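Single-structure report; data block below.
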Amino acid sequence: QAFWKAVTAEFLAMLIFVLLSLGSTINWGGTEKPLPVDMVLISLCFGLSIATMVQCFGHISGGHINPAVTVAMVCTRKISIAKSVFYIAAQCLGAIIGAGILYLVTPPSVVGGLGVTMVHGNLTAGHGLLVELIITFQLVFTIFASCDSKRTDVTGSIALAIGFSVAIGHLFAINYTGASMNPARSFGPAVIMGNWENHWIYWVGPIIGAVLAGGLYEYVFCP
Amino acid sequence: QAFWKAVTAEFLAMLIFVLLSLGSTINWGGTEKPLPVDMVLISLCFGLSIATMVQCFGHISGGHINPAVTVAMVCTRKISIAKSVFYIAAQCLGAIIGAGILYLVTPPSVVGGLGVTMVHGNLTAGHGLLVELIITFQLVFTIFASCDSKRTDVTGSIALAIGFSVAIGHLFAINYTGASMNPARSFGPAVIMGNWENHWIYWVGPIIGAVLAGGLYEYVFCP
Amino acid sequence: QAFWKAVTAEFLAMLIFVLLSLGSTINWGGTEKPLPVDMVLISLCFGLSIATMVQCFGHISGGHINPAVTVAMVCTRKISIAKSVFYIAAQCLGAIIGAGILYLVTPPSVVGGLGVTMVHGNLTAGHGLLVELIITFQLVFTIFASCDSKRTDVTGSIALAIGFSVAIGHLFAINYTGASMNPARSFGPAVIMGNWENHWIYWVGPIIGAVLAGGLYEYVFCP
Amino acid sequence: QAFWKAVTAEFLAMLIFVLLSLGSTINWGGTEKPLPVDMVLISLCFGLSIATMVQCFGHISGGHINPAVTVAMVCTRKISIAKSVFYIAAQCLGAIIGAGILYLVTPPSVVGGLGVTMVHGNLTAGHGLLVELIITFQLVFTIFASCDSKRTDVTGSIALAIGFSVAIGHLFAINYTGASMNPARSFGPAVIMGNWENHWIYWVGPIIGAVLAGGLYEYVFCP
Amino acid sequence: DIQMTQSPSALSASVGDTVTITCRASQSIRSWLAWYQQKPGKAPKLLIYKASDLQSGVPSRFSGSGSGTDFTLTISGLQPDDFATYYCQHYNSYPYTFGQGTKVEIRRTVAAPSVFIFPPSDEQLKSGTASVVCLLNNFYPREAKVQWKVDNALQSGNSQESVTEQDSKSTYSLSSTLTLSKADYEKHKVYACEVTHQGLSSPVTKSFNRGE
Amino acid sequence: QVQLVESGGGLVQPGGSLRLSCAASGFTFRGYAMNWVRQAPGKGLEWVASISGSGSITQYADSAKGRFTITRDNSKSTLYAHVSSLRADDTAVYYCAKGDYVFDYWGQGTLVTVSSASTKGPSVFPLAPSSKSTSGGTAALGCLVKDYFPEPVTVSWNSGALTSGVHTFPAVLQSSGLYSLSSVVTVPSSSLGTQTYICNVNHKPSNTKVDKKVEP
């Protein structure tokens, strides 16, 4: 059945995204000898992993790799309600296993926070919600625009265009809120590490940004 | 009306561009331990944001996201006079709101100059105009060449080709003039913080380079 | 005979790939004051060289440039048994010559390890095998998915997609095991420098990940 | 006359290339407190400038933007003898004017060597010729492979593939010979600064690598 | 290598005082410095890493600062527990090197030593060896010196001394042993050790004669 | 719950070989680097050797090169240090400590003594209070233990009856390789001649018990 293959692809694609992307955020100098944080390291690894996962699994399950976009398709009647609940559960499961594997293969002295997205200490969670709302809005708008059948001017790799949308989201808001823009990417390591601080802004944030982006594109700009 | 949908897209496209790109240039080390300025960070975030903005909004308003290129189309008779004045006003307002949002979400300890483009202290303002003139000339030439209907050898993503043209402009002229190549990108943060030093070179500069690039290509190289 | 041209293409493609990629990892700071290891430096050189080499030699030999993928085609019955033994031998010879040339042109004070892949001191070799099993799995899956004739939604440069798959593997696993994901890339410098520590994980690892990725795509996802 | 347009395009495209690329190599720390050399910064600016200029001027003159490749076309009988002498002269003049502009706009305290290519102090000029020979070989081979009409598997942006070939050439041989791979790029700043040390290896080197790459593809691999 | 020197070698302070010790590095090691607290007969305890960060479970009164080559460890409010020996450790590059150690001692008023000299017993003379001991008891501070006088002629190079630690009820105590053969004992008649202290108005010499 | 237990120390002839063990529990021994630190008697700490989590990378101090070999066995969570060609200087108290850069967990310490001489505890030498010494009013007396080996010896006066004013100095290693110390206690001058003062010496390795009379 193609339904079981689509859900399995989402679980597998989302799992690889966590393990590769969160591993790049590991500070190998540790707490006692912190190395300077390389921003292009984190941004490109996160950005290109999505572009790789869409290339790998775009034709099997649609290549969501995000609970936020899955809600957006439901809000625009692109996937069924029963379809979304299996996508979201698989995406949440993929991050939990994906972060668990990383915790297994990382030396204890350099594990740190395991890529868990904290808000900046001087930044209020109210402002942190707004940041998550926007960087996800540009991601979902890009996905809808890149994957629009009615368009005829789309050139180049669609996956790469989606990948670079994620990268600029990381290049902006790593020290604001960690640039989660993926509820599963924040749920996975949080379950493993048991860190649950301001976690609601990482679900309410991207979802509201996705709904605005999907609704604006489908019902205002290109109806 | 499609006219009001194009102006709204231009306002919104640059608002995301200004907010995301100016956010990347924020120095999070503060004024007491200023971290070294990552220059690939600034070039890539600025370069890829334009590529992302053209991908999302290219088929709605043309994806100008710059008053300099908007003037160039008028000189080459690609848009009407009435359309340009609404585009230029929309792009200027988008930057002002885009920078204003960033000022609200950036902690005061790391706000700094908010990405406002100063000429180098050792560099004369007369030399600043020349640097701004050249980097905009290559940008407008790329846009005109990439978006030519008569061409048959254009391959790959048009938005990515435009995006990397901005990136090499930043990899050159960040330390010279700030690498604006976008008059409204300089107008936005300047209004917010009231810093108005050598601001005329960021309007006279890019516009002259844009007119030179558009006029040469449409009337000499490919008439 | 195209058979001999295909084998010589694989030898020459590997020779350029090893020489250019291993050269970028050379630490010019020396042993008396090692410079910080630039991280996007190594990832892009390894990643983009594959994209360059697949573009150069894709239509001549298939552009395997890896003993791991060459085994996967045999498992999926894309090349014959006699086809692979000449490819694997040519790939191993290319790395030996490619790394041998680099040893001649590199000054002795900065040779160091000559890019030989080492597992982290605090990392168990058992976990090192698992990391190679996964970073090669995403590489082989990308290659199989990108080069699927039955697909229709494939856009952009196929070589570039393969190149970025290698880059994210390096963006993750340089400090774990060196991110080899290429048995030939590890065999070459090991022969030249005589370092043979944990070398079995660099053959067993990628091959198991390659066979798993090829079998899953060909016989489960897209049969 | 299309002949005069092609030569002018070669002069202008080649001129802009050094202005942006040689500007990025300027060390703004000065001779007092030099900053660490950002290695990805130099490669991307050099790599993406070529990709940008092939996109801009590929349909007007062919976008050789290199004396080495221009010689290769004559060897492979793609352009005439009279075409080459005007191409090479325009390219040499473009670098001299382009580097001269950079000298005028760069503050004297940070001019330094003006991007002049030098062999490493511990590296013999004999090994310097070999290093430049190989990096130009992979560049010319990529250009010939990407621009082959008989190929049917070429996907993605041709200019971007040529650009990334330059980037990996710079990603390897910045510290070896300066990664010139372009006799015009070396002639320009050398004339302006009057520095003529080991300059013959930057003409004999890349040209021999170009002839080998062009002849091998056109007469052995794809005749 | 990188040599790490501490200053002062030993300092005196009272409970509630604020003191600072300095660690000097031969070359720059930036913020790669560690501090340890060790009490006699016990393993060292980590206090500071990164030269400004406090290890968990350590009271906040300990504070470190400095970077490059100059590092200072400061204690805001001294406590009875705080009297120990402090070491500075380097971990910028191998090999890791410790400091020479700085000892913190309780501060009290200056005390005058009590000097007693004990002639060797006759039972020791049957063993062919003669050892004479003169005692400096309950003297503060640590600074003291012993000079052995033999028939108005100084003798040195064959003396061994041992000093106790801070008293639990906080002076010191010094004992010096002058060993020599029985033949050397028989050819002299008068022995004395000369000790001067900062709490003594004049140097005090205790002398004795054989069989007297 | 994290603790490190050391073993393998004690006396050893010069030029021999020794095996030091450090049993570790309560933490993932495989993933943490282990170090050896020694402290000579009366001196500061001295870092000796380092080993990675998997034992792939080992580093040594300049004085520890060649003679000392550090190896770890993660199967039994024990850290070993091969101490070869022991010299008289090499005596110290060795600590095993974890930490790649800063050591946070230390063991109790194992004392290694490198000395050829081995002489059982001889008799004691009393220090009588002289006639002109007791005339001051604060007469002091004591007994001296000499040429005993090895450490330690405990000296008690009247089986612990006299404890106030008792000072026992740390022992000093003589040039002949033998230890020696004295215990001196001050007493009121008027108490001289009464309240018999006897010092009891217990040398556990030699099982020697000597009681000495102190009289003027």
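Using Swiss-Prot numbers, chain D covers 32-254, in order.
Note: Cβ is positioned from N, Cα and C throughout, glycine not excepted.
Now, the feature entries from Swiss-Prot:
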type	residues	note
TRANSMEM	D:37-57	transmembrane segment
TOPO_DOM	D:58-69	topological domain 'Extracellular'
TRANSMEM	D:70-89	transmembrane segment
TOPO_DOM	D:90-93	topological domain 'Cytoplasmic'
INTRAMEM	D:94-101	intramembrane segment
TOPO_DOM	D:102-115	topological domain 'Cytoplasmic'
MOD_RES	D:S111	phosphoserine
TRANSMEM	D:116-136	transmembrane segment
TOPO_DOM	D:137-155	topological domain 'Extracellular'
CARBOHYD	D:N153	N-linked glycosylation site
TRANSMEM	D:156-176	transmembrane segment
TOPO_DOM	D:177-184	topological domain 'Cytoplasmic'
MOD_RES	D:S180	phosphoserine
TRANSMEM	D:185-205	transmembrane segment
CARBOHYD	D:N206	N-linked glycosylation site
INTRAMEM	D:209-222	intramembrane segment
TOPO_DOM	D:223-231	topological domain 'Extracellular'
TRANSMEM	D:232-252	transmembrane segment
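Overlay of Swiss-Prot annotations on the structure.
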| residue | record | Cβ within 10 Å |
| --- | --- | --- |
| D:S111 | phosphoserine | 11 |
| D:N153 | N-linked glycosylation site | 10 |
| D:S180 | phosphoserine | 6 |
| D:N206 | N-linked glycosylation site | 19 |
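Note on the transmembrane segment (D:37-57): residues 72-73, 76-77, 80-81, 84, 87-88, 91-96, 114, 117-118, 121-122, 124-126, 128-130, 132-133, 137, 141-143, 145-146, 215-216, 219-220 of its chain, located 6 or more positions outside it, place their CB under 8 angstroms from a CB of the stretch. Cα distances from D:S180 (phosphoserine) to the recorded positions D:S111, D:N153, D:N206 are smallest for D:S111. Counting in whole angstrom, D:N206 (N-linked glycosylation site) lies 11 from D:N153 (N-linked glycosylation site) by their C-alpha atoms.
Between the CA atoms of D:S111 (phosphoserine) and D:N153 (N-linked glycosylation site) there is a gap of 42 Å.
DSSP labels the residues of the topological domain 'Extracellular' (D:58-69) in these numbers: 0 helix, 0 strand, 12 coil.
Between the transmembrane segment (D:70-89) and the listed ranges D:116-136, D:156-176, D:185-205, D:232-252, the one holding the most Cβ pairs under 8 Å is D:185-205. When the C-beta distance to chain C is held to under 8 angstroms, the recorded positions D:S111, D:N153, D:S180, D:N206 reduce to D:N153, D:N206, listed in sequence order. Per DSSP, the secondary structure of the topological domain 'Cytoplasmic' (D:102-115) breaks down as 9 helix, 0 strand, 5 coil. In terms of DSSP secondary structure, the topological domain 'Extracellular' (D:137-155) contains 4 helix, 0 strand, 15 coil. Secondary structure from DSSP puts D:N206 (N-linked glycosylation site) in coil.
With helix defined as DSSP H, G or I and strand as E or B, the topological domain 'Cytoplasmic' (D:177-184) counts 1 helix, 0 strand, 7 coil.
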